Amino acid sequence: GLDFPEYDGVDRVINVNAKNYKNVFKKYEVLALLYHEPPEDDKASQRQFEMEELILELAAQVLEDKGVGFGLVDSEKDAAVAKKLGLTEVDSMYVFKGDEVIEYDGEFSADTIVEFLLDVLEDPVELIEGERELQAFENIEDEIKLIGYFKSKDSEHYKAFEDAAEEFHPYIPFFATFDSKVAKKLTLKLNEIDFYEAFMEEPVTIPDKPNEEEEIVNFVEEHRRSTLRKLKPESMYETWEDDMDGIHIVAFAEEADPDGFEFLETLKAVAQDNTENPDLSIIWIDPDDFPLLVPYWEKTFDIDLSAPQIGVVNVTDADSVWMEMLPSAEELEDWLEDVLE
């Protein structure tokens, strides 16, 4: 009962053009489109393009029963209809669910793609009712999370909260509660929203505005970057473009390794003592989550990823300087504050 799926050979990826795109959008509730460029006149890039379809074809086969369809849009022959749908970022995949146009910013792998669309398929807002369920919510700390207290799911405030949830779906989990006892523990007023920074226990309340739907969106985009961020294969490329003057403070730590877990607890403590400084934000990369990238990382950065590492990586030219080594919570902090320019 562990049948790992193998490719059928059946063609399910659609060639979306200006003549059939209207009918394809009616076919599927959730539609994934690989917005691509035609391969250049060199079989070096052609070989690379067919594997992109091979990954999509497997994902189309695995998610066929979920009402998910996969398509291809060429930007030099179907550039017209590409603009009507909102396909702008080139060589990117876009997911369409109702009125949502979500750009995929993660691994172009069969596993991550299917996992990402499974997360697009779930509802943008999850409800918390029991205190036993609230305790579980508070122990999720590796990501940004928003929770609000509303009178009803038919309320105008919940629908404004749900609309903002679909804006960041499915990267940022949005939680809601109608239980007055749950809001008591969170110190949450009616229609008040709690924003939890990553790896933080104390949240912050989003200020109330007349257009609250837009307020949640701009507040999230203002606080999307935390002092400590975990690189995840689903949003890996989205986290990499959030550079700080062209550099990235990258720390490698294996969570399953006690030496890496020991350094991970240090990065957690450093995140607390430096919540005040936004210029200091560490991207924690667990190399156990990115096996295909550690030989490139070891070669480019000249480090051994079997041990905890931390340093500053240049986004442009991939240059890097790394701390020499386990460091204490304080020792790490000024090691960061003495490399500024």
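Quick note: we count residues from 1 along the sequence shown, nothing fancier.
- Unmodelled stretch separating residue 18 from residue 19: none (count of deposited-sequence residues without coordinates).
- Taking the mean C-alpha B-factor of each stretch as recorded, 167 to 175 and 78 to 86 are not equal, and the higher mean is that of 78 to 86.
- The stretch with the higher mean CA B factor, choosing between 33 to 41 and 293 to 301, is 33 to 41.
- Across the residues 189, 159, 181, 145, the deposited record lists the maximum Cα B factor for 181.
- The PDB entry assigns its highest CA temperature factor, among 185, 209, 248, 232, to 209.
- Ranked against the other modelled residues of its chain, the C-alpha B-factor of residue 131 as given in the entry falls in the highest third.
- In the PDB entry, a CA B factor belonging to the highest third of its chain's modelled residues is recorded for residue 278.
- Split the chain's modelled residues into thirds by C-alpha temperature factor. Residue 152 is in the middle one.
- When all modelled residues of the chain are sorted by CA temperature factor, residue 325 is found within the highest third.
- Residue 92 sits in the highest third of its chain by CA B factor, as recorded in the PDB entry.
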